[PDB]
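Participant: sequence and experimental coordinates follow.
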Amino acid sequence: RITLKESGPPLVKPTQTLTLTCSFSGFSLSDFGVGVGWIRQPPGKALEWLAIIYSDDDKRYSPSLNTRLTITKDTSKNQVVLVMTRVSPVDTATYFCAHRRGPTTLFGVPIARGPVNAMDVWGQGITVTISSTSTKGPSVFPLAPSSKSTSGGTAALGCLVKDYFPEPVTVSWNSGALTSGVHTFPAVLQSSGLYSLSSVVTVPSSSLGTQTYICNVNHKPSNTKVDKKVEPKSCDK
Amino acid sequence: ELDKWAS
Amino acid sequence: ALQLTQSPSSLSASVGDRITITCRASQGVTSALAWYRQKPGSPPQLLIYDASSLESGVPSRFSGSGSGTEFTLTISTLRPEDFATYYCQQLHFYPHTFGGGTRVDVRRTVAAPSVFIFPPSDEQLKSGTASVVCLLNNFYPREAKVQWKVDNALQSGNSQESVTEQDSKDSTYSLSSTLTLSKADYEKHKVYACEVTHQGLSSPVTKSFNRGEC
């Protein structure tokens, strides 16, 4: 019966102030000992505790972020707000708010603290990106098959989708007719602040001479679409 | 520091 | 802050198997330890609270034990939905802290990766940059190491790696490593190589090309 939902901007620029709101139902922040905390999860990393606020207005912050974090509650609106100043790309991550139970009570009297040792309900989470990068469509380069990309009777080929912002980008092969042996890797953020990924596929080397291979790249954020034909370099065929 | 319910 | 070390960092298992994950704290946290399960694209879910208490609604196959500095989470009979990442959290000291996580994936026979290398396309070179790609295809376990060498010089800080999720068909993984250099730099060297290390390989494998040999 407890529900939490995070809201805020999906993209913020460095040095700006980020404001996240957790709206909940199923419990009151006026209930004895109850708490609401924030935890973040940067891309492909572990969970990181940020702060917590309790019904009695007591509050705690991760020491390393103490100066940039501020947490407040609004019992009347069933909301908890987390403010983070001077953000940087290091703060990019999915942010979660979560509920912490207060001690169990018997007719209003605290009897056991065991149930406080956990965050029992988490919200869906909100992904926040911090970047000053402007929207940009990608360039698509071929990863041509060759003797150095062929194992036995199997050949590997692909497309390099480089320098685009923001996420995401979709990739398919031969208008979707080719899916077997296809691997589209997660995008990586380059030092330039632009994203990049590659999509590869393994196919019979005996087909490189007759079968056509084309990767279809779509980047809606910039309304960019590209079809790139990939063939063996003249060094081979 | 000790948790709120630690003491 | 209090450090929590989970082990193993990665675990291979099959449905129906019994698995155990351990968490060790830098100092005593009494029984203030919780365990969570997290599936891709979703938030963490509470399994065990206060070291051994079973959260309501959680299947009896999950159990937790320990106190002080050593705790374990056990899943008596592994289920399909159990293939995910698990995390411990201590709430005895502020700031609360989490362990580094333990990923549990589908077990299968060891499979060495097929290593392929791709020199930059003339198209990209013309644009002004050069990207060299090293592909490690369909391997298992997930643990793999890739090193770039340009004319015997180890490259550091100019390559990025990406790994796919475990394939729902053959249970293998694939990885790409991309080395980016300027056009000017690329044309100043001859041999480009990526050395790969994997459990399925009896020794480090090297894949390379010589742009100086035409």
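Facilitator: Arrived safely, thanks for sending. Numbering: from 1, shown residues only, chains lettered A, B, ... in the order given.
Participant: ok, now how distant is residue A:87 from residue C:188?
Facilitator: Separation of residue A:87 from residue C:188 (C-beta to C-beta, to the nearest Å): 39 Å. In short, each C-beta sits where N, CA and C put it, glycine included.
Participant: I meant residue A:108, not that one.
Facilitator: Distance of residue A:108 to residue C:188, given as C-beta to C-beta: 77 Å.
Participant: of the two, who's got more company?
Facilitator: Using other C-beta atoms under 10 Å in any protein chain shown as the criterion, residue A:108 and residue C:188 rank with residue C:188 on top: 11 against 6.
Participant: domain map for the chain?
Facilitator: No chain in the question, so chain A it is. A:1-132, A:133-232 (curated CATH domains).
Participant: you answered for a different chain; I wanted chain C.
Facilitator: According to curated CATH domains, the domains of chain C span C:1-107, C:108-211.
Participant: so in chain C, which helix runs the longest?
Facilitator: Ranked by residue count and defined by DSSP state H, the top helix of chain C is helix C:122-127.
Participant: ok, that helix near chain A or not?
Facilitator: Yes. Counting by C-beta under 8 Å from any C-beta of the partner chain, chain A is contacted by helix C:122-127 at C:123-124, C:127.
Participant: go through those residues and say which is closest to chain A.
Facilitator: Comparing those against chain A with C-beta to the nearest C-beta places residue C:124 closest, at 4.5 Å.
Participant: picking up where we left off before, by neighbours, which of the residues of helix C:122-127 next to chain A wins?
Facilitator: Counting by other C-beta under 10 Å, top hit in the residues of helix C:122-127 next to chain A: residue C:124 with 21 neighbours.
Participant: and the nearest residue to that residue once chain neighbours are set aside, how many neighbours?
Facilitator: With C-beta to C-beta, 6 or more residues apart in numbering or on different chains as the criterion, residue C:124 has its nearest non-adjacent residue at 4.5 Å, and that residue is residue A:141. Around residue A:141 there are 25 other residues, counting by other C-beta under 10 Å.
Participant: now the element after the host helix or strand of residue C:87, going C-ward?
Facilitator: Using DSSP states H and E, residue C:87 falls within strand C:85-90. Using DSSP H and E, the next helix or strand after strand C:85-90 towards the C-terminus is strand C:97-98.
Participant: ok, and what's touching the helix or strand just after that next one?
Facilitator: Counting by DSSP H and E, the next helix or strand C-terminal to strand C:97-98 is strand C:102-106. With contacts defined as C-beta atoms under 8 Å, 6 or more residues apart in numbering or on different chains, strand C:102-106 is touched by C:6-14, C:19, C:21, C:78, C:82-87, C:142, C:166, C:171.
Participant: and the angle from strand C:102-106 to strand C:85-90?
Facilitator: When axes from the mean of the first three to the mean of the last three C-alpha atoms, to 10 degrees is applied, the directions of strand C:102-106 and strand C:85-90 differ by 160 degrees.
Participant: partners of strand C:102-106 in the sheet?
Facilitator: According to DSSP bridges, strand C:102-106 forms sheet pairs with strand C:10-13 (parallel), strand C:85-90 (antiparallel).
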